[PDB]
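Coming up is one lone chain in structure tokens, specifically the form deposited in one PDB entry.
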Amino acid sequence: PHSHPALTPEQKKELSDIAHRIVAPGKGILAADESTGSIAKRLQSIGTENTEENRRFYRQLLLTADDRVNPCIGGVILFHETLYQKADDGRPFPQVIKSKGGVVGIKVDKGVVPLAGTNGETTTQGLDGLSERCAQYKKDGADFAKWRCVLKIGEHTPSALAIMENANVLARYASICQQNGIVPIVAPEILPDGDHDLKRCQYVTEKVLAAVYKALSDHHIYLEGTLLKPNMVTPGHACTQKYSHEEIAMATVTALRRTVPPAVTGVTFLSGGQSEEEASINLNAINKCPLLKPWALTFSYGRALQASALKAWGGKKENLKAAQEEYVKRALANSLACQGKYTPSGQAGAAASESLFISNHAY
């Protein structure tokens, strides 16, 4: 085929600049774009209600930390509502993140819907009018975006149709984003559920990353103006055989090494149902693995960067300072891990009180 410049060289420069500012060495992303119902679950768990004012409050907390976290966070992923929310001193949240030293992010997908004739599979929707939302959002104060899809490993899942769909739908969204100066973060989230061991996870991950990078090539997306946010190679949470961080490190680096091109600027690992300490330890391990790593390997933790701070606040407005402090600490730990310079804090077991959910309820 032959030439048809989708983006101008000027636009290309913009995307590269931004995509590169986010994944700077030592920085990572804080994912605080949880939807209304989702976050409602968090407030219920402690003893707090889920009101507008409260939401505005909790957010303001993580967002008002001291400048220790400044060289640690390259970006934050906000929820639509939060975008137009003001601080106590009247400062708009988007601007307040700017003052710290990071870029504004915004979730844009409109939830997953089911696929007919598949063993409980889904694809994500939300393309209708996307470009308009992006032009407006760029104007309002956001620079990049996050779009998620959900795949699961099982007997004979994911399906050819599922990997096919999501990978093309992700490329589709990506194209739109760039035409509006928005760096797209592609998130091919695989479920850590099941009795599949580590081997099966690595196998599934590769074939996915292959499917996603081909779809993007066909779609003419500017790789340098993108980011990848995948799951680490890990067995099902119900799996029997335990593995070491070294094995978890090797497996993850290997799959990416065989599927992610060096044009890609960064791989931002999500939390993935892991506790705070595990997340950090795995991040450090991945950045220690003796293999050639051309792209920055950082994090994009949601609750993995919160947990403590959450129950620290506990609704009790007076518990503010202590909470914020806990979170700041978790930020430093990660800043160190993404650069292979972190060391464990404690080998006891203060991690997750709802870990494997199959035996006797959850929400």
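Residue indices: 1-based, along the sequence shown.
This next part talks about the form solved in complex with a small molecule, which is not shown.
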Could you check which residue among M250, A211, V204, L270 gets a heavy atom within 4.5 Å of the small molecule in the deposited complex?
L270
Looking at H196, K152, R133, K146, which has any heavy atom no more than 4.5 Å from the small molecule in the deposited complex?
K146
Could you confirm whether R68 comes within 4.5 Å of the small molecule in the deposited complex, counting heavy atoms only?
no
I'd like to know if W313 sits close to the small molecule in the deposited complex, meaning any non-hydrogen atom pair within 4.5 angstroms.
no
Heavy atoms within 4.5 Å of the small molecule in the deposited complex: does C338 have any?
no
4.5 angstroms heavy atom contact with the small molecule in the deposited complex for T298
no
Quick one: find which of 49-57, 326-334, 29-37, 313-321 has residues within 4.5 Å of the small molecule in the deposited complex by heavy atom distance.
29-37
